[PDB]
Structures are given as structure tokens and as C-alpha cells.
Amino acid sequence: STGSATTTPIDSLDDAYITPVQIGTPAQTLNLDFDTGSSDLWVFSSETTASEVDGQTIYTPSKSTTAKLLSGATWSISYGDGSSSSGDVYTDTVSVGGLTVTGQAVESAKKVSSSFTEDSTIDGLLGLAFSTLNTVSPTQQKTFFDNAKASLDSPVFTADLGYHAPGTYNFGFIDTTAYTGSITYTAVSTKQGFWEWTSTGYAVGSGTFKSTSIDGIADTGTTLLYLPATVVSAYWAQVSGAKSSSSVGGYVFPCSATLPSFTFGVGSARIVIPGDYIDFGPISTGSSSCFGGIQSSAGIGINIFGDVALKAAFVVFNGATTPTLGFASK
Ligand SMILES: Cc1cccc(C(=O)NN)c1
């Protein structure tokens, strides 16, 4: 089997991407945020505290003939941006792009934090990191990909995120028409539950390539590119007027400035992030100060290849017995 679904930015800045997901019988279609940095599939639901729901589409398990309470199960998750959600669990049929899993753990939110309430476009998350990060207790549950894996033609999924445009998640196959050149594969550590790998270095604009190991995660659920402070300083030093602002919480620049590209290494291969990808617009409406898409990972504890980086590439998440990551230009 295979599946193929279109993923769509939620706003004009590509702050996140939503993918339609069919849950239950008859199908309830929810728009979920596919997140290779977490491992819970959770949704706004009929059980979510009423005051915390504002425009989201909800899953109602009582209306699904295939929904079964996972008795005694609870879940509770906190994300890197300080947001959080929690609730109980049902198993139900879940389909993505024609690929169907039965008995998928669907985590029903009883509580979500303010940032989820305030974003009407995201109806929940679909985690695609390793199942060892799943928060369901007392019995940890498997991700959609983990459950689908044995049935897939090939044990892989791919992320092809668009720049200010729709893209694609495929399951079970590699679309050889979706990238240029070759796919370069690189080693993955699963020890922290993430798609964790080591970049071979970077360059800024037309600058020479600095060979240096940068350990980080491929994380579709994170908007920006977070790298060591040395690397980020070297990037913004090439942008006239750029400054790190403690009041804003990162690097900002005048948008009258032209942004250089940023290149990262994948083995001997190179992925080039165009300068325009690194522009996240005015810090507040009407402001001439724009927020940077490359920020310091200092204090996060880990480097994060988020959407800014991944949308410059065709990315293979290879879930073979020994997992690997593949990157191609496109
Ligand atoms: C590195 C890290 C730490 C905490 C949460 C996340 C996550 O959920 N990413 N989408 C990632």
C-alpha cells in the first residue's frame, strides 16, 4: 500500500502546514499538523473544554462506529514552544491520502493551551517521530507511520514542503519526479526518539563552505531553523542592519535588506535555502523590522532543522530496520 496527501501552509508565512486526515466511520476529516518531532496523534474533540475551542474542527468519537475507548489511557504532552494538551484515548480508523490504519490511537484533547485555541486552522497533531516518545500511559501507543509500516510498499515516508505553496506527504514510496539530482542518505540516531542526524557544515550566501558537524533533528513541526549561536551569528553578520533583539526574542532585520542564502551539508551534498525563505515578515503589523528565519538553538539543548530548512529539500524518512534520512534538492 501507499498514501499521498497534499499539505498546505496555514498562513502567508508558512508558520505551519496542515494535512487533511480522515478519522472514524463515517469519516470525520480533520486538518492535522504532521510533526516529525513528536509522536502523538491528538485532536480537538467533543471532549475538549468548550472555552478552549475556537473555530477548530472537532472529532466526536460517539459518532464513529469504529471508535473504541482505550480504557484507562491518558496522555499529556508539552511542546518546545511552551504549548501543551492532554486528555484520554480512543482507537479508530485513520486514513491519510488513501492509506488506512485500523486501531490507530487517536488522543482526544480534554485540555489544550492558549496557543492551540488561538489557532483556528490546526485541528490537532499527527506525530511522525519514533514511537518511544509517545506520551500515552500506561500503555505507550504507536504512530500512524509505525502502524502502517509493515503494509507499506516500502517502509518510508517523504516530506515535500512548499515555499508559500502546497506540498506533499507520501507514504510507502519515493516519487522520483519530485526532486532533482540524487537523494543523499545520512545516518540517524534514534536515542532521543527523534529523526536526529549530523549535518556536515554550512555556507552563507556565496561564501566558502565551513566543514563542521552539526547534530540536529529533522522537525516538520518546528517553523524555523535553529542552529548554534556561532553559525547564526555568521549568517546575520552578512545582513545589513540585522541585530539580535532580546525584547523580540531573536534576530531581526530591515526587510529593505537582501537576505543571503544558507547552505547546509548532507554528507558531501549541499542543500541551498534561498534567502527569501528566511524572511518571516514584520515583527508586528506595520513595523519595518522583520523576523529572521534562522535563530540560535542556545538554550533549546538541540539544533532543529525545521520547515525553513526542510522545505528547501525533498526529504526521505526511511524507517527501515536501521533508520536513515535522505535529502535531495528540488
Ligand atoms: C527538540 C524538541 C523538543 C520538544 C518538542 C519538540 C517537538 O515537538 N517538535 N515538533 C522538539
# chains A, B, ... in the order shown; residues from 1 in each chain; ligands from 1
>>> residues_near_ligand(ligand="ligand 1", cutoff="10 Å", atoms="only C-alpha atoms and all ligand atoms", output="short mmCIF file (atom, residue, chain, number, x, y, z; two decimals) with N, CA, C and O atoms, in the first residue's frame")
data_model
loop_
_atom_site.label_atom_id
_atom_site.label_comp_id
_atom_site.auth_asym_id
_atom_site.auth_seq_id
_atom_site.Cartn_x
_atom_site.Cartn_y
_atom_site.Cartn_z
N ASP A 33 -1.53 18.84 11.87
CA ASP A 33 -0.16 19.31 11.70
C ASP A 33 0.77 18.09 11.81
O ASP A 33 0.95 17.56 12.90
N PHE A 34 1.31 17.63 10.67
CA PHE A 34 2.21 16.48 10.63
C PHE A 34 3.57 16.89 11.22
O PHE A 34 4.23 17.82 10.73
N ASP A 35 3.99 16.19 12.26
CA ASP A 35 5.09 16.64 13.08
C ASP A 35 6.13 15.53 13.27
O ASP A 35 5.93 14.62 14.09
N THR A 36 7.22 15.59 12.53
CA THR A 36 8.28 14.58 12.66
C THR A 36 9.11 14.77 13.93
O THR A 36 10.06 14.00 14.20
N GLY A 37 8.76 15.78 14.72
CA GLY A 37 9.40 15.98 16.00
C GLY A 37 8.60 15.53 17.22
O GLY A 37 9.02 15.80 18.35
N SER A 38 7.46 14.89 17.02
CA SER A 38 6.71 14.34 18.15
C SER A 38 6.02 13.07 17.71
O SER A 38 6.06 12.71 16.54
N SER A 39 5.33 12.42 18.64
CA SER A 39 4.89 11.08 18.35
C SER A 39 3.48 10.80 18.85
O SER A 39 3.11 9.64 18.99
N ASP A 40 2.69 11.86 19.04
CA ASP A 40 1.30 11.69 19.46
C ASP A 40 0.40 12.15 18.34
O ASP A 40 0.67 13.19 17.72
N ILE A 77 1.11 16.12 26.85
CA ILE A 77 2.30 16.49 26.11
C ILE A 77 2.57 17.97 26.24
O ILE A 77 1.65 18.77 26.38
N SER A 78 3.86 18.32 26.21
CA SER A 78 4.33 19.70 26.22
C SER A 78 5.28 19.89 25.05
O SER A 78 6.15 19.05 24.82
N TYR A 79 5.13 20.98 24.31
CA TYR A 79 5.99 21.21 23.15
C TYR A 79 7.07 22.26 23.42
O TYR A 79 7.04 22.96 24.44
N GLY A 80 8.03 22.35 22.51
CA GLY A 80 9.16 23.26 22.68
C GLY A 80 8.81 24.73 22.76
O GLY A 80 9.62 25.54 23.21
N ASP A 81 7.61 25.08 22.31
CA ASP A 81 7.16 26.47 22.32
C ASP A 81 6.34 26.76 23.57
O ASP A 81 5.78 27.85 23.71
N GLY A 82 6.29 25.80 24.48
CA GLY A 82 5.62 26.01 25.75
C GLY A 82 4.15 25.65 25.76
O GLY A 82 3.49 25.72 26.81
N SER A 83 3.64 25.26 24.60
CA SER A 83 2.24 24.85 24.47
C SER A 83 2.07 23.42 24.97
O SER A 83 3.05 22.69 25.16
N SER A 84 0.82 23.02 25.15
CA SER A 84 0.53 21.72 25.75
C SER A 84 -0.91 21.29 25.52
O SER A 84 -1.78 22.10 25.21
N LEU A 125 -2.53 17.36 16.00
CA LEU A 125 -1.21 16.97 15.50
C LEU A 125 -1.20 15.49 15.13
O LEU A 125 -1.93 14.71 15.72
N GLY A 127 1.83 12.87 14.95
CA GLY A 127 3.24 12.69 15.21
C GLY A 127 3.88 11.64 14.32
O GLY A 127 3.28 10.60 14.06
N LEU A 128 5.11 11.94 13.87
CA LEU A 128 5.87 11.07 12.96
C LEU A 128 7.32 10.87 13.42
O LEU A 128 8.16 10.36 12.68
N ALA A 129 7.61 11.23 14.67
CA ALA A 129 8.86 10.80 15.28
C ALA A 129 8.75 9.33 15.74
O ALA A 129 7.80 8.64 15.37
N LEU A 133 8.67 8.17 21.93
CA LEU A 133 8.30 9.47 22.50
C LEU A 133 6.81 9.58 22.80
O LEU A 133 6.37 10.57 23.37
N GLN A 192 17.24 9.66 21.16
CA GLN A 192 16.37 10.64 21.79
C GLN A 192 14.95 10.61 21.23
O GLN A 192 14.13 11.47 21.57
N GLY A 193 14.66 9.64 20.36
CA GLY A 193 13.33 9.48 19.81
C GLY A 193 13.07 10.31 18.57
O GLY A 193 11.96 10.27 18.03
N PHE A 194 14.07 11.06 18.13
CA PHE A 194 13.89 11.98 17.01
C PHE A 194 14.55 11.44 15.74
O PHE A 194 15.37 10.52 15.81
N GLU A 196 17.24 12.21 14.20
CA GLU A 196 18.40 13.00 14.59
C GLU A 196 19.59 12.63 13.70
O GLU A 196 19.88 11.44 13.53
N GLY A 216 21.49 17.60 14.72
CA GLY A 216 20.19 18.22 14.86
C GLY A 216 19.07 17.30 14.43
O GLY A 216 19.33 16.16 14.02
N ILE A 217 17.84 17.76 14.54
CA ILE A 217 16.70 16.91 14.20
C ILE A 217 15.93 17.45 12.99
O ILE A 217 15.84 18.66 12.78
N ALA A 218 15.39 16.54 12.19
CA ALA A 218 14.52 16.95 11.10
C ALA A 218 13.10 17.05 11.65
O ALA A 218 12.49 16.05 12.01
N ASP A 219 12.60 18.27 11.76
CA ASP A 219 11.38 18.51 12.53
C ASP A 219 10.35 19.35 11.75
O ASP A 219 10.41 20.59 11.75
N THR A 220 9.39 18.67 11.13
CA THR A 220 8.41 19.37 10.31
C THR A 220 7.46 20.21 11.18
O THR A 220 6.73 21.06 10.66
N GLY A 221 7.44 19.95 12.49
CA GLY A 221 6.54 20.65 13.38
C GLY A 221 7.13 21.94 13.94
O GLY A 221 6.47 22.62 14.71
N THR A 222 8.36 22.25 13.55
CA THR A 222 9.01 23.48 14.00
C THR A 222 9.15 24.41 12.80
O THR A 222 9.56 23.97 11.74
N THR A 223 8.81 25.68 12.97
CA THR A 223 8.79 26.60 11.84
C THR A 223 10.15 26.97 11.31
O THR A 223 10.37 27.02 10.10
N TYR A 226 16.94 26.34 13.72
CA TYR A 226 17.68 26.70 14.94
C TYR A 226 19.03 26.01 14.96
O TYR A 226 19.11 24.78 14.99
N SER A 297 19.90 28.12 18.59
CA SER A 297 19.40 26.98 19.36
C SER A 297 19.90 26.99 20.80
O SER A 297 19.60 26.08 21.57
N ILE A 300 17.91 25.75 23.85
CA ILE A 300 16.98 24.69 23.45
C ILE A 300 17.56 23.34 23.81
O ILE A 300 16.85 22.42 24.22
N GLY A 301 18.87 23.21 23.66
CA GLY A 301 19.56 21.99 24.00
C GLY A 301 19.75 21.10 22.80
O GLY A 301 20.41 20.07 22.90
N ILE A 302 19.19 21.50 21.66
CA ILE A 302 19.30 20.71 20.45
C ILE A 302 19.13 21.59 19.22
O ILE A 302 18.42 22.59 19.26
N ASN A 303 19.81 21.26 18.12
CA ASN A 303 19.61 22.01 16.88
C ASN A 303 18.40 21.47 16.15
O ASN A 303 18.12 20.27 16.22
N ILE A 304 17.66 22.35 15.47
CA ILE A 304 16.42 21.91 14.84
C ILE A 304 16.36 22.36 13.39
O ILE A 304 16.28 23.56 13.10
N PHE A 305 16.42 21.40 12.48
CA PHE A 305 16.16 21.63 11.07
C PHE A 305 14.65 21.63 10.86
O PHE A 305 14.04 20.60 10.53
N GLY A 306 14.04 22.78 11.11
CA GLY A 306 12.60 22.94 10.94
C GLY A 306 12.21 23.27 9.50
O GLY A 306 12.99 23.07 8.58
#
>>> residues_around(residues="residue 320 in chain A", least_positions_apart="6", cutoff="12 Å", atoms="only C-alpha atoms", output="list in words")
residues 145, 146, 149, 150, 152, 153, 154, 155, 156, 157, 172, 187 and 188 of chain A
>>> closest_residue(among="A:130, A:48, A:264, A:141", to="residue 91 in chain A", atoms="only C-alpha atoms")
A:141
>>> residues_around(residues="range 282-291 of chain A", least_positions_apart="3", cutoff="6 Å", atoms="only C-alpha atoms", output="ChimeraX atom specification")
/A:252-255
>>> closest_atom_pairs(of="range 72-148 of chain A", to="range 52-68 of chain A", cutoff="6 Å", atoms="only C-alpha atoms", output="tab-separated table")
residue	atom	partner	partner_atom	distance
A:90	CA	A:68	CA	5.3
A:91	CA	A:68	CA	5.2
A:92	CA	A:67	CA	4.6
A:117	CA	A:52	CA	5.4
A:120	CA	A:55	CA	4.9
A:123	CA	A:56	CA	5.4
>>> residues_around(residues="residue 232 in chain A", least_positions_apart="5", cutoff="8 Å", atoms="only C-alpha atoms", output="number ranges by chain")
A: 227, 294-296
>>> closest_residue(among="A:134, A:329, A:244, A:147", to="residue 229 in chain A", atoms="only C-alpha atoms")
A:244
>>> closest_residue(among="A:276, A:11, A:107, A:118", to="residue 143 in chain A", atoms="only C-alpha atoms")
A:107
>>> select_by_dssp(residues="range 60-146 of chain A", states="alpha helix (DSSP H)", output="NGL selection string")
:A and (114-117 or 144-146)
>>> write_last_selection(atoms="N, CA, C and O atoms", output="short mmCIF file (atom, residue, chain, number, x, y, z; two decimals), in the first residue's frame")
data_model
loop_
_atom_site.label_atom_id
_atom_site.label_comp_id
_atom_site.auth_asym_id
_atom_site.auth_seq_id
_atom_site.Cartn_x
_atom_site.Cartn_y
_atom_site.Cartn_z
N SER A 114 -3.44 27.86 25.38
CA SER A 114 -3.98 29.02 24.67
C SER A 114 -3.54 29.09 23.21
O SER A 114 -4.32 29.50 22.35
N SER A 115 -2.30 28.70 22.92
CA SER A 115 -1.79 28.87 21.56
C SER A 115 -2.53 27.94 20.60
O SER A 115 -2.71 28.29 19.43
N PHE A 116 -2.96 26.78 21.08
CA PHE A 116 -3.74 25.90 20.22
C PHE A 116 -5.14 26.47 20.01
O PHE A 116 -5.63 26.52 18.89
N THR A 117 -5.77 26.96 21.08
CA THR A 117 -7.09 27.59 20.96
C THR A 117 -7.09 28.73 19.95
O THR A 117 -8.04 28.91 19.18
N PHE A 144 1.09 6.69 13.53
CA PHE A 144 0.43 6.28 12.31
C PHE A 144 1.43 5.56 11.38
O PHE A 144 1.12 4.53 10.80
N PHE A 145 2.64 6.11 11.26
CA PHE A 145 3.64 5.51 10.38
C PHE A 145 4.10 4.15 10.89
O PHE A 145 4.24 3.21 10.11
N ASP A 146 4.29 4.04 12.20
CA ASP A 146 4.67 2.79 12.80
C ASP A 146 3.59 1.73 12.53
O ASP A 146 3.89 0.60 12.19
#
>>> atom_distance(atom1="CA of residue 106 in chain A", atom2="CA of residue 50 in chain A")
19.3 Å
>>> closest_residue(among="A:87, A:323, A:267, A:207", to="residue 74 in chain A", atoms="only C-alpha atoms")
A:87
>>> residues_around(residues="residue 275 in chain A", least_positions_apart="5", cutoff="9 Å", atoms="only C-alpha atoms", output="list in words")
residues 205, 258, 259, 260, 261 and 262 of chain A
>>> closest_residue(among="A:214, A:204, A:325, A:109", to="residue 235 in chain A", atoms="only C-alpha atoms")
A:204
>>> residues_around(residues="residue 209 in chain A", least_positions_apart="2", cutoff="10 Å", atoms="only C-alpha atoms", output="list in words")
residues 200, 201, 202, 203, 204, 205, 206, 207, 211, 212, 263, 264, 265 and 270 of chain A
>>> closest_residue(among="A:13, A:215, A:93, A:185", to="residue 293 in chain A", atoms="only C-alpha atoms")
A:13
